[PDB]
Asker: 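Please read through the structure below; I'll follow up with questions.
Count residues from 1 along the sequence. What's counted below: heavy atoms across the whole structure, side chains too, no hydrogens, waters or symmetry copies.
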Amino acid sequence: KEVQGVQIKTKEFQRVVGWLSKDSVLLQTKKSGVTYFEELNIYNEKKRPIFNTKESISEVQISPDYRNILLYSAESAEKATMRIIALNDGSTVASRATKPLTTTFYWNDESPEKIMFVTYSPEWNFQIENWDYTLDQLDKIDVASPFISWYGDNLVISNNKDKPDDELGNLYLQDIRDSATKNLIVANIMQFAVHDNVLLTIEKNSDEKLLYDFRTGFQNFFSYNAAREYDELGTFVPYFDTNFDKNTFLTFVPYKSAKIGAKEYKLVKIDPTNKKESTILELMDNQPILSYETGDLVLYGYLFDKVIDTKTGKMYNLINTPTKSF
């Protein structure tokens, strides 16, 4: 079977948020002031309604276990809500009221009852809290950086920069219940990510290269150097698939180190355990990518409207824009 696309009017299509299963995605559209969330089958075009709202959408995330959605939305300039919605029937599992503030969310993969979030406002700069939505519990997280990730049930890693404009920082591990537990685990890191028990770090390695390290007790088990791009502000990091594991890490890679054309990258698949690198496609544009837990299909694009098959190299239009306005 191959991916079949559906046509959606340009202004109506908002985005594909991500995968819901090996053969379906979460589709967001809007019409007459109502935002609709649907499950869309990638092979047969069947749609299933999940939830709809007239509220302003700020963030939508799919839970690590693909069972729930987090919706952060605002009813007005004075009221916003974070809701957890069940994918199977669109019911509200939990909700909390707040103010419409800029927020970044981190869903705990090990204990998906917990969502940590960073809120920003000029009154306090940034702050971090953990919401256990199953227990109606909100706890402060005393971590001195907004660059964070869960590492377990009660552990968070943060990249602590000495000055806010710094490219590099130092990675610390701490238990969210007690900041006295803070401990340096990796020095001089620019960017990091965690997934499937792997800690990915990215750091400059001379001005000509970026170094991607893969760590388990933080045992460093593979290194990959890519040509380094940079822009007017510093190092440029191409997109990678956040859904990586010990055997699959997908990233765009530049052809040469240079100051930042739509054919400037190749898409590669790295297997850090097997120490192998394969090019999926050459002469591509760097845009977001997201894989599923299983199989070789990867959403591609700022709106995730295309699918790349990483086994064959074939690309498919999942959401088609009409060729003309009609």
Asker: What residues form a side chain to side chain donor-acceptor pair (under 3.5 Å) with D241, not counting sequence neighbours?
Answerer: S291
Asker: For the pair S73 (side chain) and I57 (backbone), establish whether a donor and an acceptor sit closer than 3.5 Å, ignoring hydrogens and angles.
Answerer: no
Asker: Just verifying a value: how many Å separate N52 CG and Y36 OH, rounded to the nearest 0.5 Å?
Answerer: 5.5 Å
Asker: Check step by step if side chain to side chain donor-acceptor pair (under 3.5 Å) holds for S179 and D142.
Answerer: CA-CA 6 Å; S179 57; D142 182 18; 2.9 Å; yes
Asker: Does one hydrophobic cluster hold both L199 and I189, with members joined at side-chain heavy-atom distances below 4.5 Å?
Answerer: yes
Asker: Any idea which heavy atoms bring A226 and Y212 closest together, and the distance?
Answerer: CB-CE1, 4.0 Å
Asker: Does anything in residues 302-315 pair up under side-chain hydrogen bond (donor to acceptor under 3.5 Å, both in side chains), and if so which pairs, sequence neighbours excluded?
Answerer: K306-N317
Asker: Could you tell me the separation between the CZ atom of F37 and the NZ atom of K30, rounded to the nearest 0.5 Å?
Answerer: 10.5 Å
Asker: Pairs in or reaching into residues 196-216: which pass salt bridge (charged side-chain N to carboxylate O under 4.0 Å, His left out), with residues at least two apart or in two chains?
Answerer: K204-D207
Asker: What side-chain donor-acceptor pairs closer than 3.5 Å can you find for residues 111-122, not counting sequence neighbours?
Answerer:
{"unit_1": "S111", "atom_1": "OG", "unit_2": "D153", "atom_2": "OD1", "d": "2.6"}
{"unit_1": "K114", "atom_1": "NZ", "unit_2": "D153", "atom_2": "O", "d": "2.9"}
{"unit_1": "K114", "atom_1": "NZ", "unit_2": "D153", "atom_2": "OD1", "d": "2.9"}
{"unit_1": "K114", "atom_1": "NZ", "unit_2": "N154", "atom_2": "OD1", "d": "2.9"}
{"unit_1": "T119", "atom_1": "OG1", "unit_2": "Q127", "atom_2": "NE2", "d": "3.1"}
{"unit_1": "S121", "atom_1": "OG", "unit_2": "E123", "atom_2": "OE1", "d": "2.3"}

Asker: If you compare all heavy atoms of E293 against all heavy atoms of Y66, which two are closest, and at what distance to 0.1 Å?
Answerer: N-OH, 3.6 Å
Asker: Salt bridge (charged side-chain N to carboxylate O under 4.0 Å, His left out): which pairs involve residues 60-84, sequence neighbours left out?
Answerer: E55-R83, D65-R67
Asker: Does the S257 side chain pair with the main chain of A227, one donor and one acceptor, at a distance under 3.5 Å?
Answerer: no
Asker: How close do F244 and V198 get, counting heavy atoms only, and between which atoms?
Answerer: CE1-O, 3.7 Å
Asker: Looking at OG1 of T279 and NZ of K266, how far apart are the two atoms once the value is rounded to the nearest 0.5 Å?
Answerer: 4.0 Å
Asker: Distance-only, no hydrogens or angles: does the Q14 side chain make a donor-acceptor pair with backbone N or O of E12 under 3.5 Å?
Answerer: yes
Asker: Does the separation of the ring centres of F249 and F214 fall below 6.0 angstrom?
Answerer: yes
Asker: Minimum heavy-atom separation for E38 to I50, with atom names?
Answerer: C-CD1, 3.6 Å
Asker: Any heavy-atom pair between the side chains of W19 and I62 that's under 4.5 Å?
Answerer: no
Asker: Could you check if a side-chain atom of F192 sits within less than 4.5 angstrom of a side-chain atom of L200, using non-hydrogen atoms only?
Answerer: no
Asker: In this structure, are over 12 heavy atoms from other groups packed under 6.0 Å from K246 atom NZ?
Answerer: no
Asker: Compute the centroid of each ring, for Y265 and then for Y239, and state whether the two points are separated by less than 6.0 Å.
Answerer: no
Asker: Where do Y224 and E277 land on the side chain to side chain donor-acceptor pair (under 3.5 Å) test, with the steps shown first?
Answerer: CA-CA 9 Å; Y224 178 78; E277 168 196 15; 2.7 Å; yes
Asker: For the residue pair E2 / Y316, report whether a side-chain donor-acceptor contact shorter than 3.5 Å exists.
Answerer: yes
Asker: Is it true that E167 and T235 share a donor-acceptor pair across their side chains at a distance under 3.5 Å?
Answerer: yes
Asker: Give the intermediate values and the outcome of ring pair (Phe, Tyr, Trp, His ring centres under 6.0 Å) for residues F252 and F240.
Answerer: CA-CA 6 Å; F252 291 98; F240 63 84; over 10 Å; no
Asker: What distance separates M284 CE from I289 CD1, expressed to the nearest 0.5 Å?
Answerer: 10.5 Å
Asker: What pairs of residues pass the ring pair (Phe, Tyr, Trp, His ring centres under 6.0 Å) test when at least one of them lies in residues 139-169, not counting sequence neighbours?
Answerer: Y151-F218
Asker: So, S158 versus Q174: side-chain donor-acceptor pair below 3.5 Å or not?
Answerer: yes
Asker: Flag yes if more than 12 heavy atoms outside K256 fall under 6.0 Å of its NZ atom; otherwise flag no.
Answerer: no
Asker: Taking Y255 for the side chain and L283 for the main chain, is one N or O donor matched with an acceptor at less than 3.5 Å?
Answerer: yes
Asker: Would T92 and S95 satisfy side chain to side chain donor-acceptor pair (under 3.5 Å), going step by step from the backbone distance to the final call?
Answerer: CA-CA 7 Å; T92 299; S95 186; over 6 Å; no
Asker: Within the distance-only criterion (no hydrogens, no angle test), does the side chain of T103 pair as donor or acceptor with the backbone N or O of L101 below 3.5 angstrom?
Answerer: yes
Asker: Would you give the length of the straight line joining atom CG of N130 to atom CD1 of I141, rounded to the nearest 0.5 angstrom?
Answerer: 4.5 Å
Asker: Can you see whether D271 engages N247 through a side-chain donor-acceptor pair at a distance of less than 3.5 angstrom?
Answerer: yes
Asker: So which atom in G90 and which in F51 form the shortest heavy-atom distance, rounded to 0.1 Å?
Answerer: O-CD1, 3.8 Å
Asker: Using modelled atom types and a 3.5 Å cut-off, is there a donor and acceptor pairing between side-chain atoms of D166 and backbone atoms of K163?
Answerer: yes
Asker: Verify whether one side chain among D245 and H195 offers a donor that lies under 3.5 Å from an acceptor in the other.
Answerer: no
Asker: Do any N or O atoms from the side chain of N41 and from the backbone of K46 form a donor-acceptor pair under 3.5 angstrom?
Answerer: no
Asker: Can any side-chain N or O of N274 pair as donor or acceptor with the backbone N or O of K276 at less than 3.5 Å?
Answerer: no
Asker: Taking all non-hydrogen atoms of both residues into account, name the closest pair between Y72 and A80 and its distance.
Answerer: CE1-CB, 3.9 Å
Asker: Please step through side chain to side chain donor-acceptor pair (under 3.5 Å) for the pair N108 and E110, ending with a clear verdict.
Answerer: CA-CA 6 Å; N108 189 318; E110 287 198 18; over 6 Å; no
Asker: In Å, rounded to the nearest 0.5 Å, how long is the span from CD1 of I84 to CG of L70?
Answerer: 4.5 Å
